[PDB]
Amino acid sequence: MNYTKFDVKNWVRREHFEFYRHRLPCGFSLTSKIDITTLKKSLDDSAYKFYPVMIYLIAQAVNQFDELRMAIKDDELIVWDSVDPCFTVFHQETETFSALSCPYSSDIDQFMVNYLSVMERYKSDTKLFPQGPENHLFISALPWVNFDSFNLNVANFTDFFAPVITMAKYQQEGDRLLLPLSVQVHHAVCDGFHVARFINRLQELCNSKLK
Amino acid sequence: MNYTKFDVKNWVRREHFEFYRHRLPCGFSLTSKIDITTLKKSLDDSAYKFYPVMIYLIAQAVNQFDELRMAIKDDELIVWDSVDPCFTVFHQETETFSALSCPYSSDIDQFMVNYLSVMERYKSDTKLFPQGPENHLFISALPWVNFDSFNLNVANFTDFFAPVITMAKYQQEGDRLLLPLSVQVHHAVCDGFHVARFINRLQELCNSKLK
Amino acid sequence: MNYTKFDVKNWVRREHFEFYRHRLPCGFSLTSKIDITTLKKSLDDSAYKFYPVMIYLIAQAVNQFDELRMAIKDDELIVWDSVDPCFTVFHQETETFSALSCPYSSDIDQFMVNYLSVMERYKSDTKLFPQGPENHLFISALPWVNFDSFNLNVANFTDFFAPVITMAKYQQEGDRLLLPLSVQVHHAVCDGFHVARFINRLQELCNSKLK
Ligand SMILES: CC(=O)O[C@H]1C[C@@]2(C)[C@@H](C[C@@H](O)[C@H]3[C@@]4(C)CC[C@@H](O)[C@@H](C)[C@@H]4CC[C@@]32C)/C1=C(\CCC=C(C)C)C(=O)O
Ligand SMILES: CC(=O)O[C@H]1C[C@@]2(C)[C@@H](C[C@@H](O)[C@H]3[C@@]4(C)CC[C@@H](O)[C@@H](C)[C@@H]4CC[C@@]32C)/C1=C(\CCC=C(C)C)C(=O)O
Ligand SMILES: CC(=O)O[C@H]1C[C@@]2(C)[C@@H](C[C@@H](O)[C@H]3[C@@]4(C)CC[C@@H](O)[C@@H](C)[C@@H]4CC[C@@]32C)/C1=C(\CCC=C(C)C)C(=O)O
Ligand SMILES: [Co+2]
Ligand SMILES: [Co+2]
Ligand SMILES: [Co+2]
Ligand SMILES: [Co+2]
Ligand SMILES: [Co+2]
Ligand SMILES: [Co+2]
């Protein structure tokens with residue numbers, strides 16, 4: 001299948017996992033600013049647009065860490081071999097959003113192809129889920145406003161291990177262009193170290209060649 | 001009455017409403033900084049004080065968007081024709097706060113009259129609710145400290161649709177005076193677009209003549 | 001014993017306490033930046049390290065306010081005469097953390113002695129709680145990344161009154177070195193005033209001689 005069962009008994013975090021999954025169930029969010037000064041430059045020298053590029057880079061970073069691709073399947077802890085991004089699309093006409101997903105691909109060009117293709121087919125579709133699989137990552141965008149913090153207050157997040165990432169409008173801060181990015185995870189599968197690792201990797205990706 | 005029943009069946013967000021009200025119940029908070037450089041100037045040229053003015057302007061912006069004045073009445077979705085601000089009052093003597101409300105009025109002078117009047121009558125009243133109706137907005141102030149984020153962790157927010165707004169101590173950031181403002185809403189009636197719209201409108205109001 | 005039963009009937013906040021403990025159960029978090037420009041200087045002129053010093057100063061500030069040392073014992077409201085810090089320790093080897101506590105002491109040198117001693121004995125211990133009493137404060141550190149906000153989403157926090165403090169990586173902001181610090185408390189025992197008071201006291205402590 002496209003997932004492997006995780007060896008929970010020999011895992012270094014097995015105590016932590018039981019602890020934060022059942023003893024003291026919790027998750028946390030954190031908002032940090034990513035420096036997109038370099039990325040903006042690379043975007044400027046290309047035909048790629050900002051949203052699709054950030055989706056790609058967030059999916060890329062996620063795809064690099066097992067702890068960000070865990071799930072409960074058949075009451076067992078698994079790791080997805082790979083996850084596809086699920087992202088929000090605003091409909092200016094109805095002022096409502098939809099959620100769409102498209103297959104992740106390590107080739108940025110093939111990813112762009114997938115993205116346009118999905119966007120092509122459902123741009124007009126106002127259902128909440130126009131498409132109607134489980135190895136996903138959630139990405140949302142609030143481009144109309146800058147924020148220093150964002151937190152989702154969910155009534156029930158039992159065994160909800162997929163990361164939720166929210167980005168705000170970027171802004172010029174001195175000489176840098178900063179993007180606020182909120183990350184919300186479940187404490188059973190992710191510690192603060194794990195989140196900081198993801199953010200630092202994303203920052204390095206933004207600071208690198210697209211191709 | 002002072003409210004209208006909302007047409008949920010022909011609403012563009014009907015799916016979203018059921019989704020975030022019962023399928024996946026949730027709300028979110030966001031903190032953004034409002035630029036009060038201009039407002040400070042207008043305040044300086046007037047006899048109005050800061051708190052009462054912000055309450056007025058927050059109530060004014062709210063009063064402009066239906067999605068911020070929704071409620072459940074008799075198991076039905078309604079919109080208040082208008083909401084009155086409910087705001088916190090600190091008692092230096094007991095170091096405790098109270099919550100008071102006063103009628104909103106589009107005339108800033110008449111609003112000030114209402115405010116002083118309520119403050120006059122209960123300044124000495126240490127009960128939590130000295131006054132003892134439901135079309136409200138909640139406004140709170142933390143003037144003693146600056147914050148970049150604020151979030152309320154509520155054990156049960158079922159059908160709780162009124163916005164909660166928290167403001168921190170403002171501060172000088174370069175050439176601007178910024179005020180941190182947290183907004184917490186229920187995802188059944190408000191999307192990120194809706195919150196960004198409110199904040200942008202508030203910013204425009206701060207940047208405009210008081211009268 | 002090391003705690004006193006609190007006089008809830010003659011307390012100015014008795015209504016607030018019942019209100020936020022049972023009527024509308026809630027807590028809140030807030031992230032603010034502390035200016036550690038001065039502290040860094042004092043650290044530079046000493047042999048003390050950053051983490052142990054912040055733990056000491058956070059415990060010191062806490063130890064100064066009753067509202068931050070409340071608990072439910074035998075279904076009664078009590079105040080701890082003093083609380084000891086419980087702080088996280090990262091294991092680079094396993095990339096996992098542990099929680100340790102050590103006795104608080106108003107003498108910074110004796111505190112350092114306690115700290116080293118605990119760290120000495122369990123540096124190698126990967127259990128979640130290597131040590132296996134209740135008058136504590138929770139301190140956590142995310143030194144690998146800067147954040148503007150941090151919030152813990154806990155499924156059940158009934159009667160959980162001990163403060164939770166999270167610090168991020170500090171950073172240079174103009175001429176100042178700022179440290180992001182998140183504070184999460186229960187609204188039954190703490191108001192926004194109470195949190196601002198703690199943060200302002202901490203800022204003053206950072207800005208003062210160590211000894
Ligand atoms: C795990 C879970 O409960 O996910 C639910 C919950 C879900 C993750 C949803 C997709 C999407 O709305 C998510 C966003 C980011 C949508 C936009 C914002 O409003 C966020 C506040 C929001 C939080 C969670 C939410 C609402 C879900 C799905 C979608 C499945 C896959 C596809 C392509 C539709 C799900 O059930 O699988
Ligand atoms: C909807 C609901 O549950 O509101 C409850 C909950 C309520 C909104 C309350 C008014 C006021 O404390 C609110 C503030 C901002 C008070 C100050 C802070 O501590 C906030 C953390 C807090 C959150 C919600 C709270 C505590 C309520 C009222 C008040 C009704 C109207 C008037 C004039 C008193 C209510 O029940 O109607
Ligand atoms: C009150 C309560 O429920 O505390 C539980 C919950 C607890 C406070 C825990 C100690 C420590 O993990 C705490 C940290 C900061 C640990 C690191 C992060 O992951 C935080 C997200 C986390 C939140 C709460 C938590 C997980 C507890 C203890 C510890 C008791 C004392 C000692 C020396 C071990 C407890 O039960 O007493
Ligand atoms: Co279990
Ligand atoms: Co791989
Ligand atoms: Co329903
Ligand atoms: Co109107
Ligand atoms: Co009770
Ligand atoms: Co003492």
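Numbered from 1 within each chain, the chains take letters A, B, ... in sequence-line order. Both counts, for ligands and for their atoms, begin at 1 and track the order of listing. Hydrogens, waters and symmetry mates are skipped; everything else that's a heavy atom, side chains included, is used.
Here the shortest heavy-atom distance to atom 19 (O) of ligand 2, taken over C:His187, C:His16, B:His136, belongs to C:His187. Within the set B:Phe160, B:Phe97, B:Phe157, the minimum heavy-atom distance to atom 3 (O) of ligand 2 is found for B:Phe160. Closest heavy-atom approach to atom 22 (C) of ligand 2 within the set B:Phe129, C:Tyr20, B:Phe138: this belongs to C:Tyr20. Among B:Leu142, B:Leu137, B:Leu152, the residue whose heavy atom lies nearest to atom 21 (C) of ligand 2 is B:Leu152.
Ranking the protein heavy atoms by distance from atom 36 (O) of ligand 2 puts C:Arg23 NH2, 4.0 Å first. Protein heavy atom nearest atom 17 (C) of ligand 2, with residue, atom name and distance: B:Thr88 CG2, 3.5 Å.
The ring pair (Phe, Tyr, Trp, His ring centres under 6.0 Å) test applied to B:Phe87 returns B:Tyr115, not counting sequence neighbours. Under the ring pair (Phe, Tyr, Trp, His ring centres under 6.0 Å) criterion, A:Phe161 pairs with A:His186, sequence neighbours left out.
For the 3.5 Å distance criterion, the side chains of B:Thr96 and C:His16 fail to qualify, holding no donor opposite an acceptor.
Aromatic ring centres of C:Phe28 and B:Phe150: separated by under 6.0 Å. Aromatic pair C:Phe193/B:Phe90: ring centres closer than 6.0 Å.
If you number the atoms of ligand 2 from 1 as listed, the ones under 4.0 Å from a heavy atom of B:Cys86 come out as 32 (C), 33 (C).
Residue-level proximity to ligand 2 for C:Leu24 is carried by the side chain, the only part with a heavy atom below 4.0 angstrom.
For A:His22, the N/O/S atom at the shortest distance from the Co ion (ligand 4) is named ND1. The Co ion (ligand 4) sits nearest to atom OE2 when only the N, O or S atoms of A:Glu18 are considered.
The two residues B:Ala168 and B:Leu179 have their closest heavy-atom pair at O-CD1, 3.3 Å.
Salt-bridge check for B:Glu95 with C:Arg13: failed, with every basic side-chain N at 4.0 Å or more from each acidic carboxylate O.
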